[PDB]
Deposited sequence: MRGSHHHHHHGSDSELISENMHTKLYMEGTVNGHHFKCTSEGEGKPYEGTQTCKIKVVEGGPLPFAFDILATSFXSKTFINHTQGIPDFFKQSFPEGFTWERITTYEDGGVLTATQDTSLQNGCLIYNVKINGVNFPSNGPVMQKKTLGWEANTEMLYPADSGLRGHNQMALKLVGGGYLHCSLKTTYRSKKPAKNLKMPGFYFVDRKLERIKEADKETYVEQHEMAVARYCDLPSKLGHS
């Protein structure tokens, strides 16, 4: 019941990418049961970034997925204790971005803390050359594993000049609520699309929108 129809999020992010240090903050809001949310992001240290902001997009909120068909909701169930997630995104041209995240609920607001390591992005590739055009829609698979949930996703980063850069994402989501107090889902899918509402100043301000809907085979 601590997750209401309308919720606010606040986030802190720090990391490096190819040795370049940066920090971001954001604030957002959404409708957790409808699977929609937005956030307004600022690069507060290290801006303008020397790499495409697209590589940070998926690191800014799992409480906002519309779990349909009665699928148990590992994320909404985890409160008040909250949960963590940890992820590797591998780009086919050699860059890797890992992220670790803590999600907590404090005074009615969702609070996110994120740490990022981006390593080995090719110095002339589209990420470091800022020749990217955002992400296509995608479907994550999720199922229980390693005492939490495992997720796998594949994504396509659209490129200036045509074509795409492929990525895989492998994630584990861990509840801070005792296992005995959780009803685990079985295997399921989450369909997503992530857009920008607006941006400005060399991607040092970006407003993202996400829609996320959980289902079985359709």
Exercise. Show which contiguous pieces of the deposited sequence have no C-alpha coordinates, counting from residue 1.
Key: 1-14, 75, 234-241
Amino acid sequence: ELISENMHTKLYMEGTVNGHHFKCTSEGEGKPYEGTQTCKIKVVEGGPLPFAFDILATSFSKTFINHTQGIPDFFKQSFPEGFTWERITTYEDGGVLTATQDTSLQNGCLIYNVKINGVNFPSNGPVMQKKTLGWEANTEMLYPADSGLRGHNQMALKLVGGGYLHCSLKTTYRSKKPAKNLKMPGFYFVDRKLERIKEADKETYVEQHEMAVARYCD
From here on, numbers count along this sequence of modelled residues.
Quiz prompt | Mean Cα B-factor comparison, 141-149 or 90-98, giving the higher one as deposited | solution = 141-149
Practice problem: May I ask you to compare 35-43 and 180-188 by their mean CA B factor in the entry and name the higher one? | Solution: 180-188
Quiz item: For the listed 9, 25, 16, 204, which has the peak Cα B-factor recorded in the PDB entry?
Solution: 9
Quiz prompt | Options 118, 108, 126, 134 - largest CA temperature factor per the record | solution = 108
Quiz item: Lowest, middle or highest third: where is residue 83 by Cα B-factor in its chain?
Solution: middle
Quiz item: What third of its chain's C-alpha B-factors does residue 67 belong to: lowest, middle or highest?
Solution: highest
